[PDB]
Structure formats: C-alpha cells, structure tokens
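Each remark here refers to the structure printed beneath this line.
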Amino acid sequence: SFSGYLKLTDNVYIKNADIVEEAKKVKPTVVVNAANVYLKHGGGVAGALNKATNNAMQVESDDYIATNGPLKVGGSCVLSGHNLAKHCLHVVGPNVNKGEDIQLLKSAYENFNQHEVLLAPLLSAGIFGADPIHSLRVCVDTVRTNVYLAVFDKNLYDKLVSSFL
Ligand SMILES: O=C(O)[C@@H]1CCC[C@@H]1c1ccc2ocnc2c1
C-alpha cells in the first residue's frame, strides 16, 4: 500500500515523489494522468506515464480518440493502467498557458469522486500554468474519495506543505 505520505485532511495525502516511480511501486487501482483533450501525452506527467508504458498508453489513447473524439476540458475517461496501475483515469484540467477557464479545475477534480482511491498529480499545475497552491486547495475542497498526491518537484512540495491551511 501507500507509504510515506503526509496527511493533509481526512481523505487527502501528499508525498514528494515521482508519480511514475510511485505507480511502479504501489500498482494502484487508479493512477490519474494530467491529460489534454486529445490524449496527446507529450510532456509533464502525461509524457512521463506514457514513456513508462513503452508508448502503449499513447496507442490505446489514439484508438480512443478515433472512436470518441476529444474529451472536454474538465472531463475524463478511464483507460488501461498498463504496467503502472489497473486503470488510468485521464483527467483534463484547464491549461492556463492555452487560455482556458480556471473555474473548470473544480469540474476536473470532481472526476476523482468516481473512484474510491487514486494516485494523482496536482491538476493544472506544472506546464498547465495554474498556481499549484490553488490546485491543492481545490483538490481538498472537491475530492471526497481517498487521494494520494505525488508532487515531483521537491521545492514545490515544501512550499505546498508550508503554506497549507
Ligand atoms: O508535481 C509536480 O512537480 C508537478 C505539479 C503538476 C504535476 C507535475 C508533475 C507531477 C508528477 C510527475 O512525475 C513526473 N513528472 C511529474 C510532474
């Protein structure tokens, strides 16, 4: 099971960890991907998770988009977790660097409530351009299921813990 996490609330936990290495160790039921609407897993968490699957995540994702079309910003889909997890929940938070509505971040986190326990990154943070302190706040005030947050950047992790209300 999950180990070394700091408890933030009744149901939100956090750790300074690479989510790929955490997923390989834990093999959780659900790993969350910080996806875009096209499921094009180029960089950030998505590029790292896809590379760890030897591109099998991207091949599966291209078939999903060919059948269903793009996701909505704020939406999600459940696909295989490949060698990392049973399932991957691909969730699209708004990308501030592409000019998307930050109010859609709450809708993005609501997708987590469909799963009893998840390993996840902070949505819309990193290369998606939103303030990670805000993302953590929306996570705590939205998700009611058990979420284990993996924060890869050590300096960000320390800032998120020290500023957490
Ligand atoms: O936690 C971070 O440092 C940022 C915040 C938004 C997500 C990003 C991240 C998370 C896990 C990652 O695992 C490999 N690369 C990763 C990047």
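Note that ligands are numbered from 1 as they come in the structure, with each ligand's atoms numbered from 1 the same way. We're numbering straight along the sequence, starting at 1.
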Atom CD of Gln114 with >12 non-hydrogen neighbours under 6.0 angstrom: no

How far is atom 3 (O) of ligand 1 from the closest protein heavy atom, and which atom is that? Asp153 N, 2.9 Å

For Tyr109, does its backbone N or O pair with a side-chain atom of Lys106 as donor and acceptor, under 3.5 Å? no

Go through ligand 1 atom by atom and flag the ones less than 4.0 Å from a non-hydrogen atom of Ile19. 11 (C), 12 (C), 13 (O)

Please find the pair of heavy atoms, one from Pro70 and one from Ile65, that lie closest to each other, and give the distance. CA-CD1, 3.9 Å

How far is atom 8 (C) of ligand 1 from its nearest protein heavy atom, and which residue and atom is that? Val45 CG2, 4.0 Å

Between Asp158 and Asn155, is there a donor-acceptor pair closer than 3.5 Å when you use the side chain of the first and the backbone of the second? no

Taking the side chain as C-beta and beyond, is there a heavy-atom pair between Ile133 and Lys159 under 4.5 Å? yes

closest protein heavy atom to atom 12 (C) of ligand 1 is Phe152 CB, 3.4 Å

For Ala125, the ligand 1 atoms with a heavy-atom partner under 4.0 Å come out as 5 (C), 6 (C)

Is there a donor-acceptor pair closer than 3.5 Å between any side-chain N or O of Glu60 and the backbone N or O of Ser80? yes

Could you list the atoms of ligand 1 found under 4.0 angstrom from a heavy atom of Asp18? 13 (O), 14 (C)

Hey, which atoms in ligand 1 end up nearer than 4.0 Å to a heavy atom of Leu122? 6 (C)

